[PDB]
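Take a look at this single chain in C-alpha cells; it is the form deposited in one PDB entry.
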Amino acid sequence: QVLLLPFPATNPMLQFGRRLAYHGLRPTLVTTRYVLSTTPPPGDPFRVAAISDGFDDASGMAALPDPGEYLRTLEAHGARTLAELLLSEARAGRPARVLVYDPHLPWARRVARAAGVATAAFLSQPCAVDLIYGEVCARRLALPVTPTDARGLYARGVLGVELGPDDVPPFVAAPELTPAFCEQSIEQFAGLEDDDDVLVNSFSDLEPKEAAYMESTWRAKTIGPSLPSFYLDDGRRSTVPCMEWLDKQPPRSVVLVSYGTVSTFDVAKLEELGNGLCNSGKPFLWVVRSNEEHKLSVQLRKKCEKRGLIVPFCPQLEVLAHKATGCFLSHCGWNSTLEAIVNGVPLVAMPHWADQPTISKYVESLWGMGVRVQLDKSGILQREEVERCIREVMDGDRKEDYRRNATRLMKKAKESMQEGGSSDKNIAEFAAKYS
C-alpha cells in the first residue's frame, strides 16, 4: 500500500493519492485515532489507519495549546504508534511500499526508514517559501533571514521577486515570535536528502525559478495543484445552502471572504473586516468558523445582511468555481491561493503568517492577480483599507489586469495537471516507481 500521512488536522495529499489509485496503487490515509473516531473516513479508493498523538479521546491540540508541547507529544506517541502500524500492516499482508508524509512530521521519515519503508516527502507550501527554509537548514543562511539575504536569492535567479521586510517568511525573519514554528519550518529539511522522493504541491509555470532550484537542490518534483480532477478539466454540484444564495447573485459580483481554518482573529480585527465588507457595497460570502463566531456581535452580523451572508462553512472550491464569484479576500494560505488560481479568481490578500506574506507578495508583484492589504503604522488592518482593496480589485483602473493574470495562471495550472503536463509527468513517474 501507499501510506499517506498528512499533518493531523488533508486534501492535497488525498488528491495525489487519488491519482496514484488511478494508476493502480492502493492508498491508505494515516490519521490520529481521535480524528478517525470523530470524522467520516475519506472513502474509496482509500483505506484508513490510525496512529495516536496521546489523546485518542480528546483533541490533543485543545488539550496542548502550546505548540512545542503538542508537537513533542505528537512525536512521542506518533513515532511509537507509526512504528507499530508499519509492523501490523506488514503482518496483515499489506506491507507499506512507501510512506508519503508531511515533513512537518520529520520523525515520520526516521520511523519509516528504520522499518525499511521508502519515504516521499510531501511539501504543501510554495517552492519560494520552502527553498528559504531549506537554505537555513543547509546552513547557507543564518537566522534571522533578512531582506538582504532574499535580495541575494533574487539576484542569483533563485527567487523571482525581491522580498522586502513584510514579504520574508516571518517564521525565519522574526523567529521567536514563534520558536516552535521556526524550528518546525527548518527541520522539514533535516534529513530530506535521504528521502527516496521529494514532492511539492505546486506547478513549474507558477514558480519557475523556485521550482527549478527546489529540483536541483532537493530533488523536489512538482505534483500540483493537487486538486480534484474536475476543477483541472481532466477527463481521465452540492446542496449546501450558501450555494443557493450564490446562485441568485449576478455574475462576478460576490466577494468570498476567508482567513482560513487555523488563524484566529480577535474581536477588533473582525470588526474592521466586517465593517470594511459592508462599506464596500458588494455582495459577500463571509465564512466565519463555528469556533470563532462568538466574537461576532449581533450588530455586526446584521449590519448589512441584505447584501452579505455569513456562514460557518462553504465548499470553497465550489464557491471559487461559481459564476457569481468576483474576487476572494483571503489570508492567502497556499491551498486557498491554488484554489483561486485553478478557478481564475482575483485575490485581495490579507496575510497573517507562515507562507502567507510571501504568497501575498507574489500575488501582487509577480503574478499580478490581485492586491495586498496595507497595514497602518501599528500593524492594524483598518476597515478603510479592507474596503479600498475590495474596490481596487472589483472596480479599479487595474481590474482587468488582475482578472487577466488570474485567467492566465488558471490555464497554466490546468495544463500542468492534464496529460502531458509538467506535474502530471512527475505524478506518473512516481506511480511507476512504486508499482
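Just so we're on the same page, rigid core means the largest C-alpha set that superposes within 1.5 Å between forms. Position 1 is the first residue in the sequence shown; the rest follow in order. Shifts are known only where both forms have a C-alpha.
Below: the form deposited with a small molecule bound, not depicted.
Peer 1: Of the listed stretches (179-187, 145-153, 244-252, 212-220), which one has a non-hydrogen atom within 4.5 Å of the small molecule in the deposited complex?
Peer 2: So the stretch in question is 179-187.
Peer 1: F171 versus the small molecule, in the deposited complex: is there a non-hydrogen atom within 4.5 Å?
Peer 2: Residue-level check for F171: yes, a contact with the small molecule.
Peer 1: So in the deposited complex, is the small molecule close enough to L85 to count as touching (4.5 Å, heavy atoms)?
Peer 2: No - in the deposited complex, heavy atoms of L85 and the small molecule never come within 4.5 Å of each other.
Peer 1: Can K269 be called a contact residue for the small molecule in the deposited complex at 4.5 Å between heavy atoms?
Peer 2: No - in the deposited complex, heavy atoms of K269 and the small molecule never come within 4.5 Å of each other.
Peer 1: Using the partner position in the deposited complex, report whether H104 sits within 4.5 Å of the small molecule, counting heavy atoms only.
Peer 2: Contact check for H104: yes, within 4.5 Å of the small molecule in the deposited complex.
Peer 1: The small molecule isn't shown here, but in the deposited complex which of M394, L29, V373, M61 has a heavy atom within 4.5 Å of it?
Peer 2: Among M394, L29, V373, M61, a heavy atom within 4.5 Å of the small molecule in the deposited complex occurs only for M61.
Peer 1: Which pick from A108, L206, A121, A354 sits with a heavy atom within 4.5 Å of the small molecule in the deposited complex?
Peer 2: Here the answer is residue option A354.
Peer 1: Have a look at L143, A138, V262, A180 and give me the residue whose C-alpha moves 2 Å or more between this form and the one not shown, with the fit done on the rigid core.
Peer 2: Once the cores are aligned, the residue moving by 2 Å or more is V262.
Peer 1: After a core superposition, would you say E162 shifts its C-alpha by at least 2 Å between this form and the one not shown?
Peer 2: It does not reach a 2 Å shift.
Peer 1: Cα of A118 displaced 2 Å or more between this form and the one not shown, core superposed?
Peer 2: No, because once the rigid core is superposed, the C-alpha of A118 moves less than 2 Å between this form and the one not shown.
Peer 1: Taking the rigid core as the frame, does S216 move its C-alpha by 2 Å or more between this form and the one not shown?
Peer 2: The answer is no, as the C-alpha of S216 shifts between this form and the one not shown by less than 2 Å after core alignment.
Peer 1: Closer or farther: how do the Cα atoms of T261 and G43 compare in the deposited complex relative to this form, given a change of at least 3 Å?
Peer 2: Compared with this form, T261 and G43 lie farther apart in the deposited complex.
Peer 1: Could you point out the stretches of 3 or more consecutive residues whose C-alpha atoms all move by 2 Å or more between this form and the one not shown when the rigid core is superposed?
Peer 2: These are the shifted runs between this form and the one not shown: 259-266, 289-303.
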